[PDB]
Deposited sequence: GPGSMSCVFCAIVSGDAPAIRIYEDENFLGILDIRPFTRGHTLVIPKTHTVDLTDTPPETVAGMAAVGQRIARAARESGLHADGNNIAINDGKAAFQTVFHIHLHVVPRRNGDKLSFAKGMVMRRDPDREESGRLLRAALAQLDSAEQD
């Protein structure tokens, strides 16, 4: 899977990513074509393609991780006032990487975003990791 799927390769540590979150089942990385700074992908470590073949428990967990990252962005040095959470199920819904995943796109009041390059993704990653660490400390 690692040699044929870029998200499997990243999960296996065989392809590069700016990683911001990881647990037993999910990996959160920065998108390489961010809509906004801190645009994050939540990627189940098991390869399935979309909503037709992904266990509900995986979709459920992916959403929960997405929430955690959303909360972090809102308290982070990226100054998020909100977030768009998205799953693009199938090619007709804009799917281009055929390993299921969920987007967390940080938003800011008056950002005039319409639905793609971050001047310093490493900084955005560091800010999100610091915010996630802070949420962890508070619990």
Deposited residues without C-alpha coordinates, grouped into stretches that follow sequence order: 1-2, 118-123, 148-149
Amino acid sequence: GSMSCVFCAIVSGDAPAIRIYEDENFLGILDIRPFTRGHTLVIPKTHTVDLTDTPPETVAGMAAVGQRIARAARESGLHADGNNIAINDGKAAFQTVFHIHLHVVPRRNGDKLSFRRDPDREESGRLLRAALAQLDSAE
From here on, numbers count along this sequence of modelled residues.
Higher-B stretch (mean Cα B-factor, as the entry records it), 98-106 or 51-59: 51-59
Selected stretch [higher average CA B-factor]: 116-124 or 8-16: 116-124
Residue with maximal Cα B-factor (values as given in the PDB entry) among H79, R71, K91, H39: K91
